[PDB]
Amino acid sequence: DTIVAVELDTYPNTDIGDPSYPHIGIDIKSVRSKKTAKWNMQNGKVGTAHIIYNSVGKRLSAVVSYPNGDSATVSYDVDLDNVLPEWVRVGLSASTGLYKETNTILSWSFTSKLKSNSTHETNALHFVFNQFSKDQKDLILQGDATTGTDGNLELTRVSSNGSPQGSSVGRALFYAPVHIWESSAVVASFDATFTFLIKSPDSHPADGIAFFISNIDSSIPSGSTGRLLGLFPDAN
Amino acid sequence: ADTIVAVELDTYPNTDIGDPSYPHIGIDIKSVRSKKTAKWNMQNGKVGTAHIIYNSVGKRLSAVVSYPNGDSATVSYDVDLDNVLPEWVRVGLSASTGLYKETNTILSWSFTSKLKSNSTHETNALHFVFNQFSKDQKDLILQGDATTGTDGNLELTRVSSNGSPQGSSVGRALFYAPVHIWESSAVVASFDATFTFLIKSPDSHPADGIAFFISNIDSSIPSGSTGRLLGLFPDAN
Amino acid sequence: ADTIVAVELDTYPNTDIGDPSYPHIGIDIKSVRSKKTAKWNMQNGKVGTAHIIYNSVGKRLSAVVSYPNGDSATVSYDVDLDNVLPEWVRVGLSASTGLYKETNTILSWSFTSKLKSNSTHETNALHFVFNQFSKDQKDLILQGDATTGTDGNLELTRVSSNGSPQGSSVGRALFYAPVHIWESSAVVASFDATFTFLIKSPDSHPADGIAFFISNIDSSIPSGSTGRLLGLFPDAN
Amino acid sequence: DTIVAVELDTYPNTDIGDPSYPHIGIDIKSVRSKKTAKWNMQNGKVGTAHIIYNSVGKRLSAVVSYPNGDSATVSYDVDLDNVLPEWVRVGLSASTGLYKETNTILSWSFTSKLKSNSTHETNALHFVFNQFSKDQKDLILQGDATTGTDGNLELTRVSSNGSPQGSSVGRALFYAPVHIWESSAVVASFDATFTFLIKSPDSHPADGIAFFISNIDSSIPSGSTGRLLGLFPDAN
Ligand SMILES: CO[C@H]1O[C@H](CO)[C@@H](O)[C@H](O)[C@@H]1O
Ligand SMILES: CO[C@H]1O[C@H](CO)[C@@H](O)[C@H](O)[C@@H]1O
Ligand SMILES: CO[C@H]1O[C@H](CO)[C@@H](O)[C@H](O)[C@@H]1O
Ligand SMILES: CO[C@H]1O[C@H](CO)[C@@H](O)[C@H](O)[C@@H]1O
Ligand SMILES: [Ca+2]
Ligand SMILES: [Ca+2]
Ligand SMILES: [Ca+2]
Ligand SMILES: [Ca+2]
Ligand SMILES: [Mn+2]
Ligand SMILES: [Mn+2]
Ligand SMILES: [Mn+2]
Ligand SMILES: [Mn+2]
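Residues numbered from 1 in each chain as written, not as in the entry; some residues may be left out. Chains lettered and ligands numbered in written order. Heavy atoms only, no water. Residues with missing side-chain atoms left out of burial classes, pairs and counts.

(A) Representation of the overall build of chain A in the model. Within chain A, the secondary structure is distributed over zero helices and 16 strands. Taking 18 Å as the expected radius of gyration for a compact globule of 236 residues, we find that chain A reaches 17 Å, a close match to that expectation. Taking the principal axes of the C-alpha coordinates as reference, chain A spans close to 55 × 40 × 35 Å. For chain A, contacts bridging at least 24 residues in sequence account for 69% of all contacts bridging at least 6. (Helix = DSSP H or I, 4+ residues; strand = E, 2+ residues; numbered from the N terminus. Rg over C-alpha atoms; globule rule 2.2 N^0.38 Å. Contact = heavy atoms within 4.5 Å.)

(B) Spatial organisation of the overall build of chain B. Scanning chain B for helices and strands turns up zero helices and 15 strands. Computed over its C-alpha atoms, the radius of gyration of chain B comes to 17 Å, within 12% of the 18 Å expected for a compact globule of 237 residues. Seen through its C-alpha atoms, chain B measures out along the principal axes to roughly 55 × 40 × 35 Å. Across the 237 residues in chain B, those meeting the buried criterion constitute 65%. Look at the contacts in chain B between residues 6 or more apart in sequence, and 68% of them connect residues 24 or more apart. Carbon and sulfur atoms provide 46% of the accessible area of chain B, an area that totals close to 8100 Å². Computed over 18 positive and 24 negative side-chain charges, the separation of the two mean positions in chain B equals 2 Å. (Buried < 20%, exposed > 50% of the residue type's maximum accessible area, 1.4 Å probe, protein only. Areas by Shrake-Rupley, 256 points an atom, 1.4 Å probe, with all protein chains shown as cover. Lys, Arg positive; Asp, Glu negative; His and termini not counted. Charge placed at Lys NZ, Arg CZ, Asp CG, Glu CD.)

(C) Focus on the site of ligand 3. All names here are of chain C. In the vicinity of ligand 3, the contacting residues are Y12, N14, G98, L99, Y100, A207, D208, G227 and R228. Contacts to ligand 3 include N14, whose side-chain N or O atom sits 2.9 Å from an oxygen atom. Measuring from an oxygen atom of ligand 3, one finds a backbone N or O atom of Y100 at 3.0 Å. Partitioning the shell around ligand 3 into residue classes produces four nonpolar, three polar and two charged. (Near = heavy atom within 4 Å. Polar contact = N/O pair within 3.5 Å; in protein donor to acceptor, adjacent residues only side chain to side chain. Nonpolar A, V, L, I, M, F, W, Y, C, P; charged D, E, K, R; others polar.)

(D) Seen up close, the pattern of salt bridges. Applying the stated criterion to the full structure yields 32 salt bridges over all chains. Residues A:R59 and D:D77 are paired through a salt bridge, measuring 3.3 Å at the closest nitrogen-oxygen approach. Taken as a pair, A:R59 in strand β5 (residues 59-65) and D:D77 in strand β6 (residues 71-77) lie in two separate chains rather than in one. The class for A:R59 is buried, based on a relative accessible area of 13%. The closest approach of N and O atoms between C:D192 and B:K114, which form a salt bridge, is 3.4 Å. With C:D192 in strand β14 (residues 186-200) and B:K114 in strand β8 (residues 103-117), this residue pair bridges two chains. The class for C:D192 is buried, based on a relative accessible area of 12%. Each of the salt bridges in this network shares a partner with another, and the network as a whole consists of A:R59, A:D77, D:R59 and D:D77. (Salt bridge = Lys/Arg side-chain N within 4 Å of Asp/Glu carboxyl O.)

(E) Structural context of the arrangement of the chains. Here the protein chains form four pairs of chains in contact, of which the pair with the most contacts is chains A and D. Chain B shows no contact with chain D. Their nearest C-alpha atoms sit 7 Å apart.

(F) Representation of the side chain of A:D138. Looking at where A:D138 falls in the secondary structure, it is placed in the loop between β9 (121-129) and β10 (139-143). For A:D138, which is buried and forms no salt bridge, the nearest opposite charge comes from A:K137, at a distance of 9.9 Å. Within the structure, A:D138 has its side chain in polar contact with the side chain of A:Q136 (distance 3.0 Å). If sequence neighbours within four positions are ignored, A:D138 has contacts with A:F129, A:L173, A:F174, A:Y175, B:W88, B:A177 and B:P178.

(G) View of the site of ligand 2. All names here are of chain B. Around ligand 2 lies a shell formed by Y12, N14, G98, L99, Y100, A207, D208, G227 and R228. Take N14: an N or O atom from its side chain is 2.9 Å from an oxygen atom of ligand 2. Contact distances for ligand 2 include 3.3 Å between an oxygen atom and a backbone N or O atom of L99. Coverage of ligand 2 by the protein amounts to 75% of the 330 Å² it exposes when considered alone. Looking at the shell around ligand 2 residue by residue, the class counts come to four nonpolar, three polar and two charged.

(H) Highlighting the UniProt feature "binding site: a carbohydrate" in chain A. All names here are of chain A. Taking the UniProt record as the reference, the feature "binding site: a carbohydrate" is found at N13, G97, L98, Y99, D207 and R227. Spanning 215 residues, the named residues form one tight spatial group whose C-alpha atoms are at most 12.4 Å apart. Counting through the fold element by element, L98 comes out in the loop between β7 (87-95) and β8 (104-116). Along the chain, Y99 falls in the loop between β7 and β8. Among residues more than four places away in sequence, those in contact with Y99 are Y11, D202, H204, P205, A206 and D207. (UniProt positions renumbered as here; feature names shortened; annotations may be inferred.)

(I) Quick peek at the relation of the copies chain A and chain D. Here chain A sits on chain D after a turn of 180° about the axis and a move of 0.0 Å along it, with an RMSD of 0.0 Å. What the superposition gives is, in effect, a two-fold axis relating one chain to the other. The fraction of interface residues of chain A whose copies in chain D are also interface residues reaches 100%, indicating that both copies meet through the same surface. (Least-squares fit on C-alpha atoms.)

(J) A look at the coordination of the calcium ion (ligand 6). All names here are of chain B. All of the protein donors around the calcium ion (ligand 6) are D10 (OD), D10 (OD), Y12 (O), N14 (OD1) and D19 (OD); their distances to the metal are 2.3 to 2.5 Å. Counting residues between consecutive donors of the calcium ion (ligand 6) along the chain gives the motif D-x1-Y-x1-N-x4-D. Separating the calcium ion (ligand 6) and the manganese ion (ligand 10) is a distance of 4.1 Å, and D10 donates to both of them. Like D10, the residue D19 is buried in the burial classification. (Donors = N, O, S within 2.8 Å, 3.2 Å for Na, K, Ca; no water.)

(K) Inspection of the interface of chain A and chain B at higher detail. Counting from both sides, the interface comprises 27 residues of chain A and, opposite them, 26 residues of chain B. Secondary structure elements with two or more residues in the side of chain A that touches chain B: β7 and β9 of chain A. In terms of residues, the side of chain A that touches chain B owes the most to one element, β9(A), which gives nine residues. As paired elements, β9(A) and strand β9 (residues 122-130) of chain B share seven bridges and run antiparallel to each other. By the bridge assignment, A:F129 is partnered in β9(B) with B:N124. (Pairing = 2+ DSSP bridges.)

(L) Structural view of the coordination of the manganese ion (ligand 12). Residues and elements named next belong to chain D. On the protein side, the manganese ion (ligand 12) has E7 (OE), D9 (OD), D18 (OD) and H23 (NE2) as donor atoms, found 1.8 to 2.6 Å from it. Separating the manganese ion (ligand 12) from the calcium ion (ligand 8) is a gap of 4.4 Å, bridged by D9, which donates to each. Here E7 and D9 have matching classes, each one buried.

The structure is reproduced here in structure tokens:
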């Protein structure tokens, strides 16, 4: 797997290079973020994350914020054209370990826009989910991810009473592959937004939610529970 | 059987199954026998453009086909697309040839679906645009004879090495991801589609046409859908 | 005189000028006397949402009004908007009070205009979204009593210091830039609009309503357009 | 005036800091670009320019390309939130001096998208012109700019026969002011595209076309003909 992700790291794993507080981070082929920023996760409130990148500027940026709480931002110079293949799948991942939290997605949108050296926009791909059904046929649900419960996407397993389980991992990839770079495109850009609700019975809720982009055939790596966020096969 | 709604660009008049006696555009609602047609000039060798548009409040599906070097034809039909279509569909382009033939080349195709809720937000939306097609076009499901050739184009029907089209061919391209055409909380559901195309033939009676269509998610080319059936329908009912 | 097309959210029944005997929504084509209405429940103190939608091929203007804590009303009318409207227009929100009153508060407003040509491209497009309004809202033309208050909202009609609405008020907000509603090369012309709003009143008979409207570029509040005339019309013809 | 512009500098003025070849440049309050790149202008062919920026990454980027010719790119790190006022007008400018060229705009689009710390997009402004009429009521035409001739925007004066005049300057601003930064926006982004046709009877056609963003009340500065591009009152 080839993975680029923006993580909402709610649990600090200092032994695998995480900062010692909850943080947001940009991950380029490693759980050890290339850049992080402190982030004050807020139990039981709706937050929003935004991701943005264009192929000329070559800087991947993210922002996470609470209306009535904290906010954080992070940016990293990388060219995704040398990282990511031409065809990718876009997705959301989340996990728990010993500690947990609901990893509840209320909404998710993604917008890829490819402008050509002509008048026309060569390619484009845009979706919005503000609600999720029990049979969400345009999402590939991996692991413990389920849709529909309360018109929501629950990436990690939640029991009937509404309490989260540990040792869970799950993801939701958009059904169609995304032509992230196409020939004849002069400018390739994308942005993403998701709104989420992290609830928990733990003092260090865990482990986080991530927006990712990967090879089309990406799947949950073996043992990627907990600190690995359902994203990486190891902590290198 | 498959459930089909489609706008047809019908190059060949099959009067014996209810086509008008000239090339036309039509709105097909579960039958190749159009509910509504309009006279249409297919300009051999020219790039044309079709636009489709509908909303769930108005319940009136409409299409326009134009050539930048010719004229325009339009057709509109009253129909409640949720009373025909299932909740989840796929969207596609189909085309066919029979005893008479033509290239059914797609230069570009876009589709925009928006469902609006009780609030400001969209419960749901999908939009794609294609302005070229490569060899391995991973976001399209190609059926029958369709290929994504290297002129950067999508060829729906079989074209030989020299570039001349073959008879008795059928091909389609479905967008990869299912489309959520109905959402229970959705108050206003709309979509529009556009495709540019080049129909070229050495024939003075080119056949058979191209169609934008919406179908059940598992739709596939019916057996015996060549020629006048446009790769859409298993018969002329 | 001004040329007006508007969807009205009419909170007060003026039976004596052809309103139904209940609150309603209506499509007004050059006259306050709606061509089509539907029964409508205005939920005092609640945020509602209106959606408007039309295209030039279908020629059927449609609207939906919903409360997330109530129900929905819809109205549709066949009308060719180029046979009513000039080439260039402005788009706006209007509201009024008369002897009876209500707050006519706008929380959000969007408008999307797209005109499609002979080719893949849009000859022309305009889209705006407002999800809040400041004190100096430079992309809106405010008329009469309208203010862009500091609750981040647009107040169309006069509200006193304590927050209770006044009678005998009229206000409007027009988007700054003219809209090119007709283009000669344009084959498909569509638009959709959405606004969220809060009508609040201490009255058990609140009045008068809010309207999304389209008008000549130089339109202004007609004299005597308070109350049942919704800031739109100079009389009840 | 406060001016941020991306220029398509077809004529080199080495005495005011231009490179010694035609170039594209990013201008931040000065005709002396903060960054330039060589650009092989191509007489009598349709080209396309793209501009892009977001307020998190804080990098303004541009690309100019010909289908059957040359292409160029330039990027500059700047925060436009400390440069540009909250309200702006967006526009196109072009000029001639002793030397000229048709400064013909075939199409122009702009897209401002403001995402909030909620689900919603706080504000947005998007327009597309692929054709231009003799009474283009949503453009403020300044100086010699005219619309309609051949469904086009001619920013600089062109005689009846179709040959360009020298000592001309003109611009077209979009009628509505643009709330480029609004409060409660978490991410502010914009992009712009214009396609153009530069034709000339000169070996060093002149002087260039620019996409700009300015204070709402911006107007052609006195003597901004020629090398100043209708943008700046002087060459500082
Ligand atoms: C003992 O730690 C476990 O739980 C934490 C937090 O849940 C994870 O980060 C880690 O990988 C383990 O699964
Ligand atoms: C003459 O009839 C045949 O050819 C026409 C035109 O190709 C088809 O429509 C039809 O199905 C038959 O195959
Ligand atoms: C009772 O009539 C008055 O009040 C109603 C409701 O406000 C208005 O519609 C009308 O124009 C008059 O001013
Ligand atoms: C003599 O130079 C003149 O013409 C060139 C190119 O047209 C301009 O750059 C310059 O400002 C002058 O107007
Ligand atoms: Ca961690
Ligand atoms: Ca036929
Ligand atoms: Ca009334
Ligand atoms: Ca110069
Ligand atoms: Mn981390
Ligand atoms: Mn037919
Ligand atoms: Mn009424
Ligand atoms: Mn320069």
